[PDB]
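Engineer: structure for this input, please:
(2 chains, ligands or ions: 4)
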Number of protein chains: 2
Amino acid sequence: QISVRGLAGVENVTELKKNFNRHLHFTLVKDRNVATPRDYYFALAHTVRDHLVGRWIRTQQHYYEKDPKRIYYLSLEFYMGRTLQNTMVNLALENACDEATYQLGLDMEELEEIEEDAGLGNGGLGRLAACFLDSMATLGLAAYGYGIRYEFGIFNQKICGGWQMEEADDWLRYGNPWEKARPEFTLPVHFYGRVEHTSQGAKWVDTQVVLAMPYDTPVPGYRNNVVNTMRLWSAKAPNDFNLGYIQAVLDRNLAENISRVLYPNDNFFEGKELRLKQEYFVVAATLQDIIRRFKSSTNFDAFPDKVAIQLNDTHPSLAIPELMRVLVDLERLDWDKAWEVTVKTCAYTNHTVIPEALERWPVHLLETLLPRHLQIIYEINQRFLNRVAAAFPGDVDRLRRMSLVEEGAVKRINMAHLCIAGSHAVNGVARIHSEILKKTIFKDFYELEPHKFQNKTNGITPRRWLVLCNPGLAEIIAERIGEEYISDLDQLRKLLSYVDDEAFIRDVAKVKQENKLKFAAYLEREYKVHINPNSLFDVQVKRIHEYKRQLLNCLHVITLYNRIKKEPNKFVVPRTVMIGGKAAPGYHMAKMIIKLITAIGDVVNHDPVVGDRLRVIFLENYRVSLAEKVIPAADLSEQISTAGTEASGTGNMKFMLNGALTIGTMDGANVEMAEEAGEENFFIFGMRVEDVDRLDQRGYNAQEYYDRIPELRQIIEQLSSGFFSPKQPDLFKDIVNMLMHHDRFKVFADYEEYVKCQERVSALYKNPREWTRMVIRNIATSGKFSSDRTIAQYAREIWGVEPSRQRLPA
Amino acid sequence: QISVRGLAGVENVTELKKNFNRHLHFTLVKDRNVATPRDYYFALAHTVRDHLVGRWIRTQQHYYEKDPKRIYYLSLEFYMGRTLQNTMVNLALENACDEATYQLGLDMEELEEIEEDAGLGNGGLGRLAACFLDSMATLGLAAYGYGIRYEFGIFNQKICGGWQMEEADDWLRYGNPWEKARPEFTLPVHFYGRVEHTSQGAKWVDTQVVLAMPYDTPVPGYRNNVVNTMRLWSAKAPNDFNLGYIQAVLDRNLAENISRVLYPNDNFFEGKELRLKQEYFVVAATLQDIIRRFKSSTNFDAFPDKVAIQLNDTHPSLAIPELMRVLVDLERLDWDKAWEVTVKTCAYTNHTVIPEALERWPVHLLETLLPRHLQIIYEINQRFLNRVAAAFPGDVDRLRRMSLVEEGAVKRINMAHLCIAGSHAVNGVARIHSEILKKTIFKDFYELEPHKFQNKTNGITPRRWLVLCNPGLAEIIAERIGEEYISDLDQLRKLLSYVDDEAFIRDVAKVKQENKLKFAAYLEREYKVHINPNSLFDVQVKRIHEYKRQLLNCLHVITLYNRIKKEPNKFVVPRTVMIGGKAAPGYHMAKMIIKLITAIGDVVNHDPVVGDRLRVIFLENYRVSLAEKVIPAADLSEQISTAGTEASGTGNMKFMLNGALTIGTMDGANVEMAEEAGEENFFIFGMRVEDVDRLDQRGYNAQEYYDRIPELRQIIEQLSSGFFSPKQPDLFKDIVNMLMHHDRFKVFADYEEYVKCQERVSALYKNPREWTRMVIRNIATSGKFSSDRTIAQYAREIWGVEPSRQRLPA
Ligand SMILES: [N-]=[N+]=N[C@]1(C(N)O)O[C@H](CO)[C@@H](O)[C@H](O)[C@H]1O
Ligand SMILES: [N-]=[N+]=N[C@]1(C(N)O)O[C@H](CO)[C@@H](O)[C@H](O)[C@H]1O
Ligand SMILES: *Cc1c(COP(=O)(O)O)cnc(C)c1O
Ligand SMILES: *Cc1c(COP(=O)(O)O)cnc(C)c1O
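Structural biologist: Residues are numbered from 1 along each chain as shown, chains lettered A, B, ... in the order given. Ligands and ions are numbered 1, 2, ... in the order given. Sure, the structure comes next:
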């Protein structure tokens, strides 16, 4: 047992054991003679869950009595991952449960691997919402996460013949012990219908009703006895729905399809009706719940003082016109009063600037599905543009640029413009991203209302991303500076005075080595793959995207291979290059990149001359639980997006906190990370944002790089001739064609500096002691990237509430 | 507290209370400050459920150790109703729970009303399966009920404007505390595909796979610590199903629709593909489970010694060719050996002779959906007909009459012929029905294999149908003869010596009066209806069918009304005529009969001259839980089906056990009931089966009755002129037209004798003491109709197992 995992008290281990047996018997209805590891996992889950309820009930009763300002975090994604270990950590039950299960003759680690990941997210945005919930509970905020309970989360990725295959993520198959259905709080959500304009007000009539049933999941704070709630809505058809008879009952599934599956698109907008329905569904049900709770705390003037609604991207942007609809149509507030309340209540967070991710809904869709909302949006636009016109007289082009309504082929509603107009605060997720918003994408809006624009650099929770996934590192750190850093990451600074400590250097390096061995093992257990634990672990894990430039990584891998074949008997630092991540099902290029990766592995991993000096592995089904395994085992973190494309990134922070050195561009949060640790302790390379713009003025011509770089030329010719695809020589023609003629991300432009920088990485890896000292400098300055810091800033600068580290009663 | 409800021990009431609070807190995650009656209901349900698990686990472990012959009852319907009270009764926990909830300040009766009925049945057949499960557990048989877990059971009936409106029965909305999902025992079920004939055997290939997930529900025996299992299969799509991406996931619902809803047809065959899929689904999954269990007890010669499969009607008839398919195709047994095993394993129960209920599946359907099964069926037919030909040389018409394959418009498979050929026993459900089977419908089969044909008169469980729904009557009976009768109904005979006991007569009458007051109250509480508790309660509750002749009842009601209007100031015994029951959604005539009933009520209930002398009420949404309320309150039980159409009936038995006198035809079980009680203690009338046949030889002409009976003529003319439908004068033209020209059930032919008999009923009701004495004679001789007797006969004469009343350890 390690200290950070809590006490294994005599009374509590005994108590845990009997409750474990009580659940195995009464809850699972099994005896030890027929129980399987899955049954044991559930008995433990229910036992741990029991320890939450008491705190869950009093935390909620507490907010009712004290009635503080409530924070409502709206998101269509909550990438939670597993819940068992996280709950034990936050409740200081890990050692006790470890001991109790040991005495019962069970391996707790084995049982934890049985829990299904709650993959209700695509990547960064979804995981961010998960970390935020953890931090809000840890900071004692009366916060509620509101989303959709998808029956099927992000698809499970299978690699067949080197190609990605998708398969339904039936995560609820065996049940979810963490959620509590609350059918008694079901709410109606309306769709379609039409608008009637009577004397005293407008009415939305003849609508189709879909019921929203909530499921509450507890969110425990870190050892503070606070347990907040994540409420996920599930779609249910009313019983007089479609109510020949048999068909009517079977068609109920049409309404319930709303919460059936998560759209697997990462940073890509798909204007499908089902998606719009999901967006309104979560917004409509959530706002009724919010108002309900407010009325039970009718002057809505105090609404903004008791309520804060954070829009995680534009996905829940309809909350703005829906709030107006309720206040104006139902509560009968005058427009101006309602608008004042709405603006002071809502705050919007922008997560990316790439055009293809921007939500622009066709007017004909809103027209049919949400007719009243379209009218309200036009009215908002009208009044907003009148403000612009009055502020910039005669600037007609500004008017059309700022309109919420876009003209052209088909009229569309720019949801981002909607969010800015209806929110009192708009923030980017990293300093460079937030500046870009003010200088480019939202320049006009910044000029009209500069006070609205802020920055809130993303963060990650040190509980899941350090204590839970890397207990070995958390321990040696605790041995030196104590445990307070877990909820006050800035304290990692104190580790700076141990940078020359021989014992510490040895331990940091030991923990990393153990993590690598453990992962190298896992690799062979669950995926029959052998790798060399002494090689440098070069990993790039994140969603497959052209802007993330996994292709640039591929070019380097091929460069290393060609250099070896050129001078076989020359020494080179051994490397295990790991690339993982899912591609959206309809993203052809992303799928081709995955195939290219496996194809490279096919050649490189079986070339006798290469030996154990270079291995290319594609990490299958990258998800939260897998991230918890690879990140602690990584030596090199690849964050190589084209400058200006990765708003922030969060994977980068996870790697920094876990002892990996970072090679990357001055993009997103990488800029602040290098700033915190010192550029000398970072492997920075490539074009800066300014260089990218210069190149665009000039005109990006990939041919130029192809002509001046022999090594690069050789790689393109290998791809083109079928060197990596013998049976299908032209298999990668699309990739080559894109790289050569329409590469929006300038892969070639950063190639030279990238491989040069990679050489410096290998040189430092050859000096174990200095590599580790640089690692210590990174870990020691990663404190700023704790989501506790991020949330404390949202709380003070946007929501107007004070965080608190006070422990609620037992 | 009453004695039959068990002891309210000090230690147990205290234990019940803390467990109730434990579940309210830990299971429901609620505090007393926000708990609602529904929450309290669930805390109690979970508390009671806890007492079952221990016994459930040891009963099953017990069967594993002793390895007795297993009884598998296959049914597409299990009309369970509520489970809470039934479980308390069988566990002797009712008084303890009553006391415990009282001390917690709660009314247990109020909480019981919150439980949703498990309406996985249409009527008789489904309820029979429910009573059988209870009796099998009570008789200590290693029995398993196998069916489908429909998401939506029989529809909830609403009456709008006097018309039936159907609405989804979302019985799982708030959850089901009684079931235990067993995803770990999921089994694959195949559909479509084609048949490949290789060297060593035929193969069913290229099939579509649907997963069958089981849900186990405990079935407690009466105070014997035996808890059997009812396993209901749920359809689940495999995860690589349909696996653009979004659509594939959404289409998963196509496979899962198999267990979505119960076909609401009572005694009516609808040849829909979805229905056939349900039938094979339950059969395929069940047989794999059966074999699996057998192999874990490979000579299948002992299979019939360890396994008995009872086919509840022909719905699960595919079990015969499916068993053959597995034994021949998979286990590789020779045809003849496999057939021997199949016949000795299967037994079939026929429930009705009406042609429209007979399952005749089109060959093109089986051809596409189950190609291998069709081949096996042809092979079975071939070999069966060769036996017929050898037994009746030259009788060519017999060959075509007995074929499993019917020629004509479209070829069809007669599933009933299939069941007879592949079963070692075939039984009817009442003596007269079973005789009819041998003399008519299955005469040819009886001639070929007389040994196969048996009778097993239906029964009802005295636990739910006496102790649970009529505790007052069970008590006064127990006060005289003890409690042993509850599991040995024949003991009610002893009540015969109390027929002249003044105290008993007074009590029997008192209990009935209390039941009537309680129901008259319930009527006003949940349906705003006032009735006179002193009137005779004339009730007919069962599914709406033309053969049940609710119309004959209607004619009598109108006769009574016309007679009153004719001589207003003449005295007549007051009556409250209650008719209830659901009509299949597509059964037009049944729906018109419901409207006619309400229409009569509209006129009769508001005629000042009638006063409180006659009331016509239509009991809305008749279901099991409602039956438990009306039956104990009834004075007169209407069992007036045309002789030869009601195979048995079971409602009739429920009324007899509960103190109601019976007016009915010599049909189904009515014949044995009158035989047991004595015809003098029964109100028998109308044509006997022989009279019906004579009339058919002759030719049924309704006009004749219309011409010779003035009162009948007046009624038809009232219906025709719009007397009961002012706004829509021709509203009942279909009814009149049917009665006059195409009445298959000869309503007019029994009219005269029916009203005459009804007059005798009223005369006896005028003499309270003698009416009650006749009631005692009925209750005292109802013992034979206990499903314990029925099951003991199935056990000994069909399954080859001995029932046992031995109590398993605690
Ligand atoms: N939605 N969105 N965009 C992202 C993402 N999910 O990847 O949001 C994440 C959370 O803000 C950012 O770190 C990331 O750079 C940005 O591209
Ligand atoms: N299926 N079927 N037929 C019936 C029914 N459900 O009503 O089976 C019941 C159970 O055997 C019989 O009592 C009844 O007379 C017969 O019509
Ligand atoms: C943290 C995380 C991400 C975000 O990673 P980036 O490299 O910022 O894109 C995506 N997926 C998972 C499973 C994560 O844990
Ligand atoms: C017993 C019962 C039946 C069968 O009644 P019959 O009069 O034999 O048709 C039908 N429905 C319910 C709810 C029952 O309890």
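Engineer: quick one: contacts for residue A:686?
Structural biologist: With contacts defined as C-beta atoms under 8 Å, 6 or more residues apart in numbering or on different chains, residue A:686 is in contact with A:640, A:643, A:665-666, A:749-750, A:753-754. For the C-beta atoms, the positions are set from N, CA and C on the backbone; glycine is no exception.
Engineer: nearest spatial neighbour of it, skipping sequence neighbours?
Structural biologist: The shortest distance from residue A:686 to any non-neighbouring residue, by C-beta to C-beta, 6 or more residues apart in numbering or on different chains, is to residue A:750 (4.0 Å).
Engineer: what sits against the one you found?
Structural biologist: Contacts of residue A:750 by C-beta under 8 Å, 6+ apart are A:549, A:552, A:640, A:642, A:665, A:685-687.
Engineer: max-length helix in chain A?
Structural biologist: Scanning chain A for the longest helix, with DSSP state H as the assignment, gives helix A:37-66.
Engineer: helices or strands next to it in the packing?
Structural biologist: Counting contacts by 3 or more C-beta pairs under 8 Å, 6 or more residues apart in numbering or on different chains; DSSP states H and E, helix A:37-66 packs against helix A:10-22, helix A:84-91, helix A:94-103, helix A:108-112, strand A:208-220, strand A:227-236.
Engineer: three-state assignment of the residue in the stretch 451-600 of chain A positioned nearest to ligand 4?
Structural biologist: Here the stretch 451-600 of chain A gets closest to ligand 4 at one residue, residue A:585, 48.9 Å apart by C-beta to the nearest ligand atom. When classified by DSSP: H, G, I helix; E, B strand; the rest coil, residue A:585 comes out as coil.
Engineer: rewinding a little: quick one: the following helix or strand past the longest helix of chain A to helix A:37-66, angle?
Structural biologist: Per DSSP states H and E, the first helix or strand lying C-terminal to helix A:37-66 is strand A:70-74. With axes from the mean of the first three to the mean of the last three C-alpha atoms, to 10 degrees applied, the angle from strand A:70-74 to helix A:37-66 works out at 140 degrees.
Engineer: residues from the stretch 451-600 of chain A in reach of chain B?
Structural biologist: A:585-586 (C-beta under 8 Å from any C-beta of the partner chain).
Engineer: which residue packs closest to residue A:706, ignoring adjacent ones?
Structural biologist: residue A:713 (5.6 Å).
Engineer: please point out which parts of the helix or strand where the one you found lies sit buried.
Structural biologist: Assigned by DSSP H and E, residue A:713 belongs to helix A:710-721. Neighbour counts using 16 or more other C-beta atoms under 10 Å in any protein chain shown place A:712, A:715-716, A:718-720 of helix A:710-721 among the buried residues.
Engineer: also stretch A:341-356?
Structural biologist: For stretch A:341-356, the neighbour count (16+ other C-beta under 10 Å) marks A:341-354 as buried.
Engineer: in helices only, show me these.
Structural biologist: A:341-345.
Engineer: could I get the residues you listed as JSON lines with distance to ligand 4?
Structural biologist: Output for these, formatted as JSON lines (distance: C-beta to the nearest ligand atom, whole Å):
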{"residue": "A:341", "distance to ligand 4": "54"}
{"residue": "A:342", "distance to ligand 4": "54"}
{"residue": "A:343", "distance to ligand 4": "58"}
{"residue": "A:344", "distance to ligand 4": "58"}
{"residue": "A:345", "distance to ligand 4": "53"}
